[PDB]
Amino acid sequence: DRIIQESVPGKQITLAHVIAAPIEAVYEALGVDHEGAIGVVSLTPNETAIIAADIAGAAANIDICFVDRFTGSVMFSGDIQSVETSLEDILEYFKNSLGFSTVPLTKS
Amino acid sequence: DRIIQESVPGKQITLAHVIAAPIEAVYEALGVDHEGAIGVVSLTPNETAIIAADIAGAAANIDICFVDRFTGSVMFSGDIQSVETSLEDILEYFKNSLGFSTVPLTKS
Amino acid sequence: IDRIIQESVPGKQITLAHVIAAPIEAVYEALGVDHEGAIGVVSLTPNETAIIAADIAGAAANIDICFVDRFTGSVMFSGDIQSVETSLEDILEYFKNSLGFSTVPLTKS
Amino acid sequence: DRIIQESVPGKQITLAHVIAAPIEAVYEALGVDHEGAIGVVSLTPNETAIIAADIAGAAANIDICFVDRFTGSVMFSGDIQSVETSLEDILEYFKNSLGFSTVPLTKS
Amino acid sequence: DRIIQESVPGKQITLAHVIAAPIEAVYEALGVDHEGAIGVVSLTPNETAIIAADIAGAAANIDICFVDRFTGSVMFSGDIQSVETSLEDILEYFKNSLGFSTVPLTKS
Amino acid sequence: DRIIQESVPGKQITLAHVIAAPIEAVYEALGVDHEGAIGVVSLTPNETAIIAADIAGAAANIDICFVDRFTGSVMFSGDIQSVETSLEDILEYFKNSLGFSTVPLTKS
């Protein structure tokens, strides 16, 4: 029961989430402004975080908190509709123009 | 015996635990006040730690010790019923609204 | 040479439950601990369970936690060989019976 | 089911992308000159980033932003056709002379 | 072709090697004394590096260069027969008393 | 669709490459002397980087740029024939004396 597996990254968005009103401990632990909804994206390969941050900014009026190409994460802040618009555009671009597996937009 | 594996993160909570009465060494090696129960959460993708910390704080009177989006871990302190309430709300949101695989609430 | 998507999540297991009855001086210096006593070494997955295992180990005889590493899923402790074995036995018993984790036997060196 | 998996890296380019006109927060978050298109490459094994950066520079007159052998990533800037030429040459060399699995050139 | 895989570390020694007479660049890159043979061990789980360093010291007259519990590596120096003795004792203990998969002693 | 995978490192050289004449941006991003060909090696387990650096130096007149036992990478510089000789000797030793899976010598 031993097998060689050549490990490469898959192509998927695992999380596309909006936190409508984060608690103060979340703004503090994130080092961000204590206002606005939070957009959280999880992507593979990790390098696609730069593409998703570009789409998020181009889609709506948002403030990029971080573009992490080392963990494949993107965080941004703004009004709840601006944050949803960026998440929607990220999911639409990665599914329709990149052929990535995508999850639905989740809200909390 | 050789296969290419496209690696992506799964969606699951692997640990939702309460340590009812931690030992002074555990309080010390964590940089916390030497009183109250400890809530420990393990999540995948690692980005979901921010969501779980938000739900924990909104559910009950907790003190977030850390929100680690790099390791997908959350740790908080409070009374044993407050800590259990936050763990219960984390598990019920991730199962019912996110479709994540969840473990039961464990106590030590 | 086919291709398969693998959703990676951590498994639930203790991979090492070990006691070193009398470590050599170089082991104590690399660790940076008191130059006396047996060494308890635990390897756990998920890595967050290191805090739980430290608690349960500390819930038994004269233990000195050398480190609780939630980043690597490791726990180290120094005490008398029977105190160290007791801690290791309790960790294995709790994780198997109350957590449903796969466990290895207590090993001695 | 329980199986031993000998983990070795696979041989593939997972992302060969051009961001035609990045937003100012992308230039800022990258620490690069606020001008030109952005080329983004994801490779496995991570060591092949040095080979791809050498081919990118030899192919067109780009400006290498980073060659990351720790993450297997390459980022470069230049005119959109120079960036597309470098990406095309990287894909061509890796497929035809290295036997690596390659993705198509993507644009955003 | 999509599967959830619960990842845990396997139990094995992947390398038990002696470099009889290393070149000066190898002593330089390792930050070690420019004298003696080099013993190199690769182990999984990474925590077993402390066990293997204990056996290596107890088995023969060696000078531990590093005990890396973060990478699962052990490096030691000494006369070629002392280094071989330590490697042999590490392999014998891990196979017979731990049930780990082992490789043979290799020399260069 | 859930399987436990015991992860251990495989034994293979994934890249044995010579860049005959790197561009100045490559010498720069590497922090090396602006002269000579570049030898690039990718190995698993990561500890075998020390063995490969020793063989490279013993085989031909090369200057080790880095021996990375954390990433399993080796980089060296010298004349194109010295660099090819060292790559050939690493591939020969790892296949014939270690039983590692090897790739061919690639040139760019």
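So that the names make sense, note that chain A is the first sequence line, chain B the second, and so on, each numbered from 1.
For a residue to count as touching a neighbouring chain, one of its non-hydrogen atoms must lie under 4.5 Å from one of that chain's; by this rule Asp69(C) touches chain E with the side chain only. For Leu31(C), the part sitting under 4.5 Å from any heavy atom of chain E is the side chain, from C-beta outward, and nothing else. Interface remark: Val42(C) contributes backbone atoms only to the contact with chain E (heavy atom separation under 4.5 Å). For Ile24(C), the parts lying near chain E are the backbone and the side chain together; criterion is any non-hydrogen pair under 4.5 Å.
Annotation for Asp54(E) and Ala22(C): closest pair OD1-O, 3.8 Å, computed over non-hydrogen atoms. Closest approach of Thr15(C) to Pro45(E), counting heavy atoms only: CG2-CG, 3.9 Å. Scanning both residues, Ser74(C) and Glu47(E), for their nearest heavy atoms gives OG-OE2, 2.6 Å. For the residue pair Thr107(C) and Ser97(E), the shortest heavy atom distance occurs at CG2-O, 4.2 Å.
In the displayed structure, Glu36(C) atom CD is contacted under 6.0 Å by at most 12 heavy atoms of other residues, nucleotides or ligands. With a 6.0 Å radius and a threshold of 12 heavy atoms from other residues, nucleotides or ligands, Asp79(E) has its CG atom above the threshold.
Here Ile4(C) is the residue among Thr72(C), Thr45(C), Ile4(C) with the most heavy-atom pairs under 4.5 Å with chain E. If you tally non-hydrogen atom pairs under 4.5 Å between each of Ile51(E), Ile4(E), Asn46(E), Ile64(E) and chain C, the highest count goes to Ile51(E). Ranked by heavy-atom pairs under 4.5 Å with chain C, the list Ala53(E), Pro9(E), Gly57(E), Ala58(E) is led by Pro9(E). Of the residues considered (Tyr93(E), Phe70(E), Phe66(E)), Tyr93(E) shows the highest number of contacts with chain C, using heavy-atom pairs under 4.5 Å.
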For this session: Begin from the C-alpha positions of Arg69(E) and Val41(C) and carry the test side-chain contact (heavy atoms from CB on, under 4.5 Å) through to its verdict.
Result: CA-CA 11 Å; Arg69(E) 68 170 190 88; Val41(C) 181; over 6 Å; no

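Here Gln13(C) contributes atom CD and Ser7(E) contributes atom OG; the two are 9.5 Å apart, rounded to the nearest 0.5 Å. Between atom OG1 of residue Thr48(E) and atom NE2 of residue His18(C) there is a gap of 9.5 Å, rounded to the nearest 0.5 Å. Separating the CG atom in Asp1(E) from the CD atom in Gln6(C) is a distance of 10.5 Å, to the nearest 0.5 Å.
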